[PDB]
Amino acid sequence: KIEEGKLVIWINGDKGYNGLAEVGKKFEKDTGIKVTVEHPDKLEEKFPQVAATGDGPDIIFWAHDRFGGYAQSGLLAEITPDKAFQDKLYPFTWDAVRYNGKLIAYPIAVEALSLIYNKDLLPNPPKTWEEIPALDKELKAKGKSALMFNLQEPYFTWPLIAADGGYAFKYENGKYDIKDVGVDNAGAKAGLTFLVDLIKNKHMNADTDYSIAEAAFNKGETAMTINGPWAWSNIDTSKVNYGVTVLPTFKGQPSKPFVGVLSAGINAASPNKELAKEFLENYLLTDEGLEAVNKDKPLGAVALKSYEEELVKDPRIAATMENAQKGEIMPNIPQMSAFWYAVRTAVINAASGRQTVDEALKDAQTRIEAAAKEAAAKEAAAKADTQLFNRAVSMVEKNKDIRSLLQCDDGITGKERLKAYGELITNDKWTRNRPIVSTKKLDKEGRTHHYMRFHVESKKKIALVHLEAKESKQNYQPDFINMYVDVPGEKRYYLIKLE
């Protein structure tokens, strides 16, 4: 599995991994602990496959939004920074790395869309979306436009749509409410309507996508575009005299771009959790640490206050951090896929006049709520089944007779650690080759029974445990009414035998 006594770190090949490697060598110099940095191809796909077997890196670096899913699968450890350390990062970044209310990664860098403008077409950019029409009209006579950006992808149009009160999923008390979706409220309707009216009034074109906006800006045809730090390179080569600044407000409210937080999580299967904490808190998240990474490849804006204040000597970075501080942290739940698809259709439909704004957003709202509802139900069922499993596993593994049937090696170093896991089945969508699930049926009195089966394994036996639980009517928590264990070569053992 994961080598104890050393650190293996996974980070994407587009980050400053050589800078990170140098931080590791300083860690090694000081502590004697070796740090190995790798940047495997498709690491965000590999990590869940590998960490589910107990393998993988000790530390994984990736955008925060994938981590919620990782945490659901039980792949990430809860981290434990003290308040003193948390105080060293911008408060808003900690809201990006929570699951079930708990902290599950360290924020490293921060990324958001900004307004990018051409200084030779627009020496002072507008601070307000409401300013853009009059501005475009004056620019049009000069044969140029005010603004072109990607309208095909809701990531780019969201900042305006969310400004007056739209939101993806509501975040409250350190968690998301996936059934609370803010796509069809007055605020989202107002923002999209404004966008639609920019198009109706010929100030923008519905067809405009990423490459069209990029080439339009970098050839001086339009005064402004909306884009992120990844685009700055191509602008430099274009030799446009450009500036990067705060996104325009709408109805007095800041635009709310989605914020992405590069984060470092700790593999729940790692035996080096304390070493990882030391490395991340005391070596990487320092001015010296981030600077080493940043010199290899720019991190952009960072979560660490002391170093971000150094970096803002590049005004483009100060603009990124400003938009991120006013933006919407991208929710770290898997259901964002439903959000992306539904809102993409809504915006395309509204922008091209295929549907009214109100109809478009209402359909989007309904599609997301349907997806959230099914997910929430599956989530509640799995959580309930997991509870049955946990109670059942404790009863089996503590039973002296069953341990004897299992021929447990309960010798001089104590009780054998038994393993429990679900039956192996054909894997499809959401895989899980071994889900812990129960089948359900109603009895004559309308009460649901749950039927579950799972394995308990010692070195000498793999046993099958069968249970039947009957839901109360009630004082919470279902009662087990039948539970037995079939150990190969042995007579069935009844923990509870239904009469």
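All residue numbers refer to positions in the sequence shown, first residue = 1.
- The mean Cα B-factor in the deposited entry runs higher for 139 to 147 than for the other of 163 to 171 and 139 to 147.
- Look at the C-alpha B-factors of 9 to 17 and of 471 to 479. On average they run higher in 471 to 479.
- Taking only the listed residues 276, 190, 343, 269, the entry reports the highest CA temperature factor at 269.
- Considering 457, 41, 58, 28 together, the PDB entry gives 41 the largest C-alpha B factor.
- Among the modelled residues of its chain, residue 100 has a C-alpha B-factor that falls in the highest third according to the deposited record.
- Among all modelled residues in this chain, the alpha-carbon of residue 430 has a temperature factor (C-alpha) in the highest third.
- Residue 453: CA B factor in the middle third of modelled residues in this chain (values from the PDB entry).
- Among the modelled residues of its chain, residue 354 has a C-alpha B-factor that falls in the middle third, as given in the PDB entry.
- Among all modelled residues in its chain, residue 403 ranks in the lowest third by Cα B-factor.
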